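S.K.: Structure in structure tokens, see below.
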2 protein chains.
Amino acid sequence: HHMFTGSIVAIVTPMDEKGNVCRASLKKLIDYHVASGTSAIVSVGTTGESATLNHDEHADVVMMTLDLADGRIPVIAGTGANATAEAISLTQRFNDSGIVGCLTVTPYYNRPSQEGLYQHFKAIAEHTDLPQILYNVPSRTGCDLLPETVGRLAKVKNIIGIXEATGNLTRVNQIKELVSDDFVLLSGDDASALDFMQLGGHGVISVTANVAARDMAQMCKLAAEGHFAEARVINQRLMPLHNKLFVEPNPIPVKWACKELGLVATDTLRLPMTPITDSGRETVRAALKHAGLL
Amino acid sequence: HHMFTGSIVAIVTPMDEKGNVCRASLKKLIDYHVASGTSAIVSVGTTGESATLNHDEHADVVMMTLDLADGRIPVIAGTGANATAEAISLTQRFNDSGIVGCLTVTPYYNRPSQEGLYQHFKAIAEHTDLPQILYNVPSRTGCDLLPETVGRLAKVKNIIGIXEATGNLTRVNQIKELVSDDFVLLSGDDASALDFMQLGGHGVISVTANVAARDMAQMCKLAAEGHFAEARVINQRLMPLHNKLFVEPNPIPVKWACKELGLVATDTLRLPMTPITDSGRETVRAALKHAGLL
């Protein structure tokens with residue numbers, strides 16, 4: 001309950017022109033996060049294009065990320081799967097890998113019940129020693145993991161927290177009153193992450209931190225200390241970026257922002273992600289400028 | 001396109017108590033659909049638990065269904081994937097297999113743009129000779145394939161129809177006026193499928209047909225002939241089943257129904273799907289009795 005707080009980047013998976021992971025650029029990003037104060041790196045989350053890496057590529061990107069990090073910054077592996085046997089199998093790949101934990105999303109597309117969610121996350125945690133951070137994002141999955149079910153799973157030993165990406169701020173204290181104090185509450189919605197922290201959230205798993213890592217680390221530090229008017233100044237500088245980094249499907253805008261700041265060699269993605277549009281480039285550039293990054 | 005019309009069953013993948021496919025129950029189901037007038041079998045769609053079979057088991061079930069069908073009834077392979085490379089690769093498995101076409105869902109979870117949807121399905125259609133039926137189901141995918149994008153994709157040689165599962169009946173003629181007249185329009189929502197046909201759709205890819213194949217075949221035949229008042233009498237008989245087969249997540253209720261009618265040996269599913277509740281059993285039973293099947 002400290003490395004899973006603060007500003008945690010959901011790091012993009014930088015690719016070359018063929019759509020394969022670019023170690024050189026990945027190394028650049030990781031050095032940037034070590035130097036910026038990022039608390040940890042979620043490797044192959046949604047923003048890392050988990051949807052279009054097969055599980056072998058997924059494991060490889062994580063291991064590459066661990067190697068480049070070289071102990072300087074903790075790495076959390078994205079391990080979600082909508083089939084419980086496959087989530088178990090992906091998780092087991094990382095046992096004794098060096099990752100400090102997992103981010104495991106509610107099963108998508110097949111829309112299980114709350115009882116199905118509970119059985120899913122329990123079975124996964126029973127097959128590993130790693131801390132588990134639950135991840136709820138109904139807008140992507142078709143499925144809402146509710147506070148009561150969260151409270152049930154938080155009783156599991158190595159289920160330690162949740163990346164709450166509904167953007168519904170009432171969930172913060174709904175979950176918190178049902179879980180112990182060391183259960184970590186993490187925003188998955190950049191635009192409302194400060195609010196989320198002002199209500200008691202412990203940090204954010206952030207897309208914006210890919211291109212404003214220092215700002216995001218300072219904002220989360222101020223929030224944790226109770227300096228919310230001061231945190232709010234930074235948030236207002238970053239807010240157009242919190243919004244426009246989703247003006248087209250994530251991570252299309254944030255990869256283009258990364259390329260624009262020099263952080264990666266190419267903004268290539270894998271289909272069905274498509275190159276950013278002309279209007280999107282103008283919109284994201286204006287938000288980067290608004291942030292004082294460009 | 002006559003085989004892509006009428007009552008098409010999205011058939012369950014029956015399993016033994018360990019969750020492996022049960023060939024003897026699959027044979028039972030396929031003979032039932034041959035005797036019932038079902039027009040075609042969609043193999044390993046959503047109701048066939050596509051989410052929890054890997055592509056090898058997936059391919060096994062399709063090949064097993066084709067074999068058992070023995071040329072008596074056409075088979076459509078479910079082939080959707082949220083990574084375009086993976087959708088192509090899965091579609092390539094079934095070329096020259098004997099399936100008559102493919103049911104391919106919009107990418108789930110990664111929420112592509114309409115242009116992302118266009119590139120995805122275009123790329124797929126260009127790597128096969130098989131007819132392609134698009135599948136829109138935003139409730140599960142987080143993504144909504146709009147009529148104009150369907151108009152764009154129908155211009156593609158082998159993109160030949162859609163399984164429209166929004167339950168929004170205005171889509172029927174919104175799509176119809178953008179496409180050729182042999183573009184097949186198929187309901188993906190049992191409770192509104194007759195309305196869908198009365199508005200001009202050509203049939204349904206149906207969950208209810210798993211347990212009421214004769215009535216569904218008769219209702220669709222009546223609808224195609226314009227006898228909607230008589231088709232509606234059957235619909236009113238089946239409507240509690242249209243609704244209660246989703247009282248718990250599909251295909252949990254329909255698999256239990258199949259067992260109750262003695263159509264399959266077990267109603268076992270794979271996690272994160274869980275067994276039907278007692279309250280689910282009573283609700284699904286009463287709906288079956290309402291239909292005169294029990």
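In the structure tokens, chains take letters A, B, ... by order of appearance, with residues numbered from 1 within each chain and ligands from 1 in the order shown.
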Per residue of chain B within 7 Å of chain A, what are the shortest atom pair and its distance in Å to one decimal, counting only C-alpha atoms, with rows by chain and residue number, as a tab-separated table?
M.R.:
```
residue	atom	partner	partner_atom	distance
B:51	CA	A:83	CA	6.3
B:52	CA	A:83	CA	4.8
B:82	CA	A:51	CA	6.6
B:83	CA	A:52	CA	4.8
B:84	CA	A:271	CA	5.5
B:108	CA	A:109	CA	6.5
B:109	CA	A:140	CA	4.5
B:110	CA	A:51	CA	6.4
B:111	CA	A:249	CA	6.4
B:112	CA	A:249	CA	5.9
B:113	CA	A:249	CA	6.6
B:116	CA	A:272	CA	4.8
B:117	CA	A:272	CA	6.5
B:119	CA	A:272	CA	6.8
B:120	CA	A:272	CA	5.4
B:139	CA	A:142	CA	5.8
B:140	CA	A:109	CA	4.4
B:141	CA	A:109	CA	5.6
B:142	CA	A:140	CA	4.8
B:249	CA	A:112	CA	5.9
B:271	CA	A:84	CA	5.5
B:272	CA	A:116	CA	4.9
B:273	CA	A:116	CA	5.6
B:274	CA	A:116	CA	5.6
```
S.K.: Only C-alpha atoms, please: the residues just picked out, written as a PDB file, in the first residue's frame.
M.R.:
```pdb
ATOM      1  CA  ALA B  51     -15.554 -15.676 -25.394  1.00  0.00           C
ATOM      2  CA  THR B  52     -14.301 -18.745 -23.490  1.00  0.00           C
ATOM      3  CA  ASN B  82     -11.186  -7.200 -31.681  1.00  0.00           C
ATOM      4  CA  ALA B  83      -7.755  -7.336 -33.379  1.00  0.00           C
ATOM      5  CA  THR B  84      -7.943  -7.203 -37.187  1.00  0.00           C
ATOM      6  CA  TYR B 108     -15.136  -5.182 -28.529  1.00  0.00           C
ATOM      7  CA  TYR B 109     -13.365  -3.331 -25.698  1.00  0.00           C
ATOM      8  CA  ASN B 110     -10.953  -1.180 -27.737  1.00  0.00           C
ATOM      9  CA  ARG B 111     -13.790   1.010 -29.056  1.00  0.00           C
ATOM     10  CA  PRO B 112     -12.591   1.855 -32.588  1.00  0.00           C
ATOM     11  CA  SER B 113     -13.902   4.711 -34.672  1.00  0.00           C
ATOM     12  CA  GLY B 116     -11.567   1.845 -37.675  1.00  0.00           C
ATOM     13  CA  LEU B 117     -14.635  -0.330 -38.184  1.00  0.00           C
ATOM     14  CA  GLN B 119     -10.783  -0.762 -42.210  1.00  0.00           C
ATOM     15  CA  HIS B 120     -11.292  -3.756 -39.910  1.00  0.00           C
ATOM     16  CA  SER B 139     -24.401  -3.602 -25.361  1.00  0.00           C
ATOM     17  CA  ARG B 140     -21.529  -6.094 -25.390  1.00  0.00           C
ATOM     18  CA  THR B 141     -18.812  -4.318 -27.383  1.00  0.00           C
ATOM     19  CA  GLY B 142     -18.779  -0.700 -26.250  1.00  0.00           C
ATOM     20  CA  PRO B 249     -26.406 -13.711 -18.833  1.00  0.00           C
ATOM     21  CA  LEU B 271     -16.253 -19.248 -16.212  1.00  0.00           C
ATOM     22  CA  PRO B 272     -16.932 -16.343 -15.944  1.00  0.00           C
ATOM     23  CA  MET B 273     -20.399 -17.713 -16.759  1.00  0.00           C
ATOM     24  CA  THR B 274     -21.872 -19.451 -13.700  1.00  0.00           C
TER      25      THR B 274
END
```
S.K.: Could you give me, as a list in words, the residues within 12 Å of residue A:229, counting only C-alpha atoms and dropping anything in the same chain fewer than 4 positions from it?
M.R.: residues 194, 195, 198, 219, 222, 223, 225, 233, 234, 235 and 236 of chain A
S.K.: Go ahead and save the residues from that selection, with C-alpha atoms, as a compact mmCIF listing (two decimals), in the first residue's frame.
M.R.:
```txt
# COMPACT_ATOMS: atom_id res chain seq x y z
CA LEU A 194 -8.48 14.93 -8.97
CA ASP A 195 -12.09 14.89 -7.77
CA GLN A 198 -10.31 14.72 -3.22
CA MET A 219 -0.74 16.96 -8.93
CA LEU A 222 -0.42 17.76 -3.75
CA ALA A 223 -3.73 15.89 -3.64
CA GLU A 225 -1.11 16.12 1.04
CA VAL A 233 -4.23 24.77 -10.79
CA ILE A 234 -2.29 21.95 -12.42
CA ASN A 235 -5.47 20.04 -13.23
CA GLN A 236 -6.88 23.10 -15.00
```
S.K.: Using atom CA of residue B:263 and atom CA of residue B:25 as the two end points, give the distance in Å to one decimal.
M.R.: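 Here the two named atoms are 6.8 Å from each other.
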S.K.: Show which residues sit within 12 Å of residue B:157, as an NGL selection string. Count only C-alpha atoms, and ignore same-chain residues fewer than 4 positions away.
M.R.: :B and (121-122 or 124-133 or 152-153 or 161 or 180 or 182-183)
S.K.: Applying 9 Å and only C-alpha atoms, which residues near residue B:266 remain after dropping the ones on its own chain fewer than 6 positions away? List them as a list in words.
M.R.: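 My reading of the contact set: residues 14, 15, 16, 17, 22, 25, 255, 256, 258 and 259 of chain B.
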S.K.: With a distance cut-off of 10 Å and only C-alpha atoms, select the neighbouring residues of residue A:37, excluding the residue or stretch itself and same-chain residues fewer than 4 positions from it, and output the selection as a VMD selection string.
M.R.: chain A and resid 6 to 8 32 to 33 73 213 to 218 221
S.K.: From a backbone DSSP assignment, name each residue in stretch 45-206 of chain A labelled helix (DSSP H, G or I), as number ranges by chain.
M.R.: A: 50-52, 55-69, 84-93, 114-126, 138-141, 147-154, 171-176, 190-198
S.K.: As number ranges by chain, please: all residues of stretch 11-210 of chain B that backbone DSSP puts in strand (DSSP E).
M.R.: B: 40-43, 75-78, 101-105, 132-136, 159-164, 184-187, 203-206
S.K.: Limited to N, CA, C and O atoms, could you put the picked residues into a file as a tab-separated table (two decimals), in the first residue's frame?
M.R.:
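Generated output (part-v2.tsv):
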```tsv
chain	number	residue	atom	x	y	z
B	40	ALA	N	-30.44	-22.17	-40.79
B	40	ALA	CA	-28.99	-22.26	-40.77
B	40	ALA	C	-28.54	-22.26	-39.32
B	40	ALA	O	-29.29	-21.89	-38.42
B	41	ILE	N	-27.29	-22.67	-39.12
B	41	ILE	CA	-26.69	-22.74	-37.79
B	41	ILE	C	-25.50	-21.80	-37.76
B	41	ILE	O	-24.56	-21.96	-38.55
B	42	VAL	N	-25.53	-20.84	-36.83
B	42	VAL	CA	-24.37	-20.01	-36.52
B	42	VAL	C	-23.61	-20.72	-35.41
B	42	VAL	O	-24.16	-20.96	-34.32
B	43	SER	N	-22.36	-21.05	-35.69
B	43	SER	CA	-21.55	-21.89	-34.81
B	43	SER	C	-20.51	-21.04	-34.11
B	43	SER	O	-19.76	-20.32	-34.76
B	75	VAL	N	-24.02	-23.99	-42.30
B	75	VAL	CA	-23.36	-23.56	-41.08
B	75	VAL	C	-22.61	-22.27	-41.34
B	75	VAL	O	-21.90	-22.13	-42.34
B	76	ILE	N	-22.79	-21.30	-40.44
B	76	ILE	CA	-22.07	-20.04	-40.46
B	76	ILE	C	-21.13	-20.03	-39.27
B	76	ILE	O	-21.56	-20.22	-38.13
B	77	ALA	N	-19.85	-19.79	-39.53
B	77	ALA	CA	-18.87	-19.70	-38.46
B	77	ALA	C	-18.85	-18.29	-37.85
B	77	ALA	O	-18.70	-17.30	-38.57
B	78	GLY	N	-19.00	-18.21	-36.53
B	78	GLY	CA	-18.66	-16.98	-35.84
B	78	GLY	C	-17.16	-16.77	-35.90
B	78	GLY	O	-16.38	-17.68	-35.59
B	101	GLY	N	-20.66	-19.11	-44.68
B	101	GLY	CA	-20.38	-17.71	-44.44
B	101	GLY	C	-19.90	-17.51	-43.02
B	101	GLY	O	-19.79	-18.47	-42.23
B	102	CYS	N	-19.61	-16.25	-42.69
B	102	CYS	CA	-19.02	-15.89	-41.40
B	102	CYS	C	-19.83	-14.80	-40.72
B	102	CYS	O	-20.26	-13.84	-41.37
B	103	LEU	N	-19.93	-14.89	-39.39
B	103	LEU	CA	-20.57	-13.88	-38.56
B	103	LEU	C	-19.46	-13.17	-37.78
B	103	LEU	O	-18.83	-13.78	-36.90
B	104	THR	N	-19.21	-11.91	-38.11
B	104	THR	CA	-18.05	-11.22	-37.55
B	104	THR	C	-18.51	-9.95	-36.83
B	104	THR	O	-19.05	-9.03	-37.45
B	105	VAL	N	-18.28	-9.92	-35.49
B	105	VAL	CA	-18.73	-8.83	-34.62
B	105	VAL	C	-17.77	-7.66	-34.70
B	105	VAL	O	-16.58	-7.82	-35.00
B	132	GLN	N	-19.68	-12.48	-45.66
B	132	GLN	CA	-19.45	-11.88	-44.34
B	132	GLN	C	-20.72	-11.19	-43.86
B	132	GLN	O	-21.23	-10.28	-44.52
B	133	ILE	N	-21.23	-11.61	-42.71
B	133	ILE	CA	-22.36	-10.93	-42.08
B	133	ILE	C	-21.84	-10.12	-40.91
B	133	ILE	O	-21.35	-10.68	-39.92
B	134	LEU	N	-21.95	-8.79	-41.02
B	134	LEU	CA	-21.58	-7.90	-39.93
B	134	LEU	C	-22.47	-8.15	-38.70
B	134	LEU	O	-23.59	-8.66	-38.81
B	135	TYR	N	-21.96	-7.79	-37.53
B	135	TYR	CA	-22.65	-8.06	-36.27
B	135	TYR	C	-22.48	-6.84	-35.35
B	135	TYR	O	-21.38	-6.58	-34.86
B	136	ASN	N	-23.57	-6.08	-35.15
B	136	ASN	CA	-23.57	-4.91	-34.28
B	136	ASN	C	-24.27	-5.25	-32.97
B	136	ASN	O	-25.43	-5.67	-32.99
B	159	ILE	N	-19.24	-8.69	-48.38
B	159	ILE	CA	-19.95	-8.24	-47.19
B	159	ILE	C	-21.42	-8.18	-47.58
B	159	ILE	O	-21.82	-7.39	-48.44
B	160	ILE	N	-22.23	-9.04	-46.99
B	160	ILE	CA	-23.51	-9.36	-47.62
B	160	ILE	C	-24.69	-9.13	-46.71
B	160	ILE	O	-25.84	-9.32	-47.16
B	161	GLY	N	-24.48	-8.75	-45.46
B	161	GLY	CA	-25.61	-8.58	-44.56
B	161	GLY	C	-25.18	-8.10	-43.19
B	161	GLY	O	-24.00	-7.82	-42.93
B	162	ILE	N	-26.17	-8.00	-42.30
B	162	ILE	CA	-25.92	-7.57	-40.92
B	162	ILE	C	-26.88	-8.25	-39.96
B	162	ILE	O	-28.07	-8.36	-40.23
B	163	UNK	N	-26.26	-8.64	-38.73
B	163	UNK	CA	-26.98	-8.98	-37.48
B	163	UNK	C	-26.88	-7.84	-36.50
B	163	UNK	O	-25.77	-7.40	-36.10
B	164	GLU	N	-28.17	-7.25	-36.68
B	164	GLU	CA	-28.40	-6.00	-36.00
B	164	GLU	C	-28.98	-6.29	-34.62
B	164	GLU	O	-30.15	-6.68	-34.52
B	184	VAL	N	-28.64	-8.69	-46.79
B	184	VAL	CA	-29.60	-9.35	-45.91
B	184	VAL	C	-29.58	-8.66	-44.54
B	184	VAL	O	-28.51	-8.32	-44.00
B	185	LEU	N	-30.77	-8.40	-44.01
B	185	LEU	CA	-30.93	-7.71	-42.74
B	185	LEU	C	-31.44	-8.73	-41.72
B	185	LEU	O	-32.51	-9.31	-41.92
B	186	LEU	N	-30.68	-8.98	-40.66
B	186	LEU	CA	-31.06	-10.01	-39.71
B	186	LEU	C	-31.14	-9.42	-38.32
B	186	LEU	O	-30.19	-8.78	-37.86
B	187	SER	N	-32.28	-9.64	-37.66
B	187	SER	CA	-32.40	-9.29	-36.25
B	187	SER	C	-31.41	-10.08	-35.43
B	187	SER	O	-31.16	-11.26	-35.70
B	203	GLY	N	-34.96	-11.98	-41.51
B	203	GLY	CA	-34.92	-13.12	-40.61
B	203	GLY	C	-34.29	-12.72	-39.30
B	203	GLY	O	-34.20	-11.53	-38.98
B	204	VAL	N	-33.84	-13.73	-38.55
B	204	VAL	CA	-33.27	-13.51	-37.22
B	204	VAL	C	-32.19	-14.56	-36.97
B	204	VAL	O	-32.34	-15.73	-37.35
B	205	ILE	N	-31.09	-14.13	-36.36
B	205	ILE	CA	-30.11	-15.03	-35.77
B	205	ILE	C	-30.43	-15.09	-34.28
B	205	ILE	O	-30.19	-14.13	-33.54
B	206	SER	N	-30.98	-16.21	-33.84
B	206	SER	CA	-31.90	-16.23	-32.72
B	206	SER	C	-31.40	-17.13	-31.61
B	206	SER	O	-30.94	-18.26	-31.86
```
S.K.: May I have the residues within 9 Å of residue B:281 as number ranges by chain, using only C-alpha atoms and disregarding those fewer than 4 positions away in the same chain?
M.R.: B: 253, 256-257, 276-277, 285-286
S.K.: So that I have them on file, write out the residues from the current selection with N, CA, C and O atoms, as a PDB file, in the first residue's frame.
M.R.:
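Output below, filename selection.pdb:
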```
ATOM      1  N   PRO B 253     -29.255 -19.044 -19.277  1.00  0.00           N
ATOM      2  CA  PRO B 253     -30.633 -19.564 -19.307  1.00  0.00           C
ATOM      3  C   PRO B 253     -30.918 -20.504 -20.471  1.00  0.00           C
ATOM      4  O   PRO B 253     -31.659 -21.478 -20.297  1.00  0.00           O
ATOM      5  N   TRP B 256     -29.641 -24.002 -19.851  1.00  0.00           N
ATOM      6  CA  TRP B 256     -30.490 -24.728 -18.913  1.00  0.00           C
ATOM      7  C   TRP B 256     -31.773 -25.185 -19.582  1.00  0.00           C
ATOM      8  O   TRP B 256     -32.223 -26.311 -19.351  1.00  0.00           O
ATOM      9  N   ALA B 257     -32.380 -24.324 -20.403  1.00  0.00           N
ATOM     10  CA  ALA B 257     -33.570 -24.725 -21.149  1.00  0.00           C
ATOM     11  C   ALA B 257     -33.304 -25.988 -21.980  1.00  0.00           C
ATOM     12  O   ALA B 257     -34.066 -26.963 -21.916  1.00  0.00           O
ATOM     13  N   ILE B 276     -27.092 -21.458 -13.550  1.00  0.00           N
ATOM     14  CA  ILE B 276     -28.333 -20.712 -13.379  1.00  0.00           C
ATOM     15  C   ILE B 276     -28.789 -20.751 -11.924  1.00  0.00           C
ATOM     16  O   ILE B 276     -28.635 -21.764 -11.235  1.00  0.00           O
ATOM     17  N   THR B 277     -29.362 -19.642 -11.451  1.00  0.00           N
ATOM     18  CA  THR B 277     -29.902 -19.587 -10.100  1.00  0.00           C
ATOM     19  C   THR B 277     -31.227 -20.349 -10.006  1.00  0.00           C
ATOM     20  O   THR B 277     -31.859 -20.663 -11.015  1.00  0.00           O
ATOM     21  N   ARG B 285     -38.340 -21.992 -16.713  1.00  0.00           N
ATOM     22  CA  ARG B 285     -39.336 -23.065 -16.805  1.00  0.00           C
ATOM     23  C   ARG B 285     -40.721 -22.524 -17.142  1.00  0.00           C
ATOM     24  O   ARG B 285     -41.377 -23.000 -18.076  1.00  0.00           O
ATOM     25  N   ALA B 286     -41.181 -21.521 -16.389  1.00  0.00           N
ATOM     26  CA  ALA B 286     -42.519 -20.983 -16.617  1.00  0.00           C
ATOM     27  C   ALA B 286     -42.663 -20.419 -18.028  1.00  0.00           C
ATOM     28  O   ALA B 286     -43.719 -20.555 -18.656  1.00  0.00           O
TER      29      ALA B 286
END
```
S.K.: Between B:212, B:100, B:264, B:291, which one has atoms that come closest to residue B:1, using only C-alpha atoms?
M.R.: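 Comparing B:212, B:100, B:264, B:291 against residue B:1, the winner is B:100.
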